[PDB]
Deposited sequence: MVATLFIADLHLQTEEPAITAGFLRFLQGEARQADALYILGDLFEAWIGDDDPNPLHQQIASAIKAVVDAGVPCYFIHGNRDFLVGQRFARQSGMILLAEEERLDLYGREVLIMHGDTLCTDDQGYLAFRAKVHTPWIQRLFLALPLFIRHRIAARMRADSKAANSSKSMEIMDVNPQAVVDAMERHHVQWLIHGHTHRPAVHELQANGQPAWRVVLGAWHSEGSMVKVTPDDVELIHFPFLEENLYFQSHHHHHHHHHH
């Protein structure tokens, strides 16, 4: 038995190969887990649950089949899809969780999050995140016509793509002090997150004991997942979908 953790799939229409790899994962590996946690950035973009984007319903139906197969699915918002709301949760059967959750996984206490709130050195993103996460700014954006939200989101992506082109990767990683503060705020020796796209297992010190930070990988050329069993924690890389010469 095991619990699965995925994040940073960045599903979008222009990347059907990633979509097909995620659909195969939901039909096979996901059906065998006690639970499936999606730690943010499931979608490359999200402007509201009323978006009739067909990929949204194709993904919701596939996740609903996993939930119907007896595997509960949970979602934590990422920096790309923080607008995923209760309507999509019902369409997909997923349970939406807070920005930080503490799980009892077979005895070990694990803190789960997306990981973007750990990059406290990036003042540019932190200001952008505080703005787009303010409730009244959200409900104003969501009240606009959908085609207006599309033009807003398209320009903001082009704006941030040209602004991030002049940023150093030293202020864009995880802050080590923020990890210890989070792992001691929740009193855990285990932390799983994504966002940074650097799959790794980092050892640190928290609560006077050794602690570990498990980072998920983004779904680029191949898939990535964290598998937590009663015996071990596994960081797994696998292809989306054999011959001889």
*asked:* Give me the ranges of the deposited sequence that have no CA atoms here, in sequence order.
replied: 1, 243-245, 250-260
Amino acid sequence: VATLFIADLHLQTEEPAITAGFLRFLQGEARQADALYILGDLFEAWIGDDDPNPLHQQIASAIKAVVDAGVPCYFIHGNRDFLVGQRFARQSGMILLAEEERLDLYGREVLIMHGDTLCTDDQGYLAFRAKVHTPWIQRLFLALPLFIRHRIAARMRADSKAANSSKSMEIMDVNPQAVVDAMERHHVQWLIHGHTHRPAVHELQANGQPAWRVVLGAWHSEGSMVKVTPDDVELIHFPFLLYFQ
From here on, numbers count along this sequence of modelled residues.
*Taking the recorded C-alpha temperature factors, which stretch has the higher mean, 44-52 or 181-189?*
181-189
*On average, which has the higher Cα B-factor in the deposited entry, 104-112 or 157-165?*
157-165
*Should residue 222 be placed in the lowest, middle or highest third of its chain by the C-alpha B factor in the entry?*
highest
_Chain thirds of CA B-factor: placement of residue 139_ = highest
*Using the B-factors in the PDB entry, rank residue 79's C-alpha atom against the chain and give the third, lowest, middle or highest.*
middle
_residue 1, C-alpha B-factor rank within chain (lowest, middle or highest third)_ = middle
*asked:* Considering every modelled residue of the chain and its Cα B-factor in the PDB entry, is residue 88 in the lowest, middle or highest third?
replied: lowest
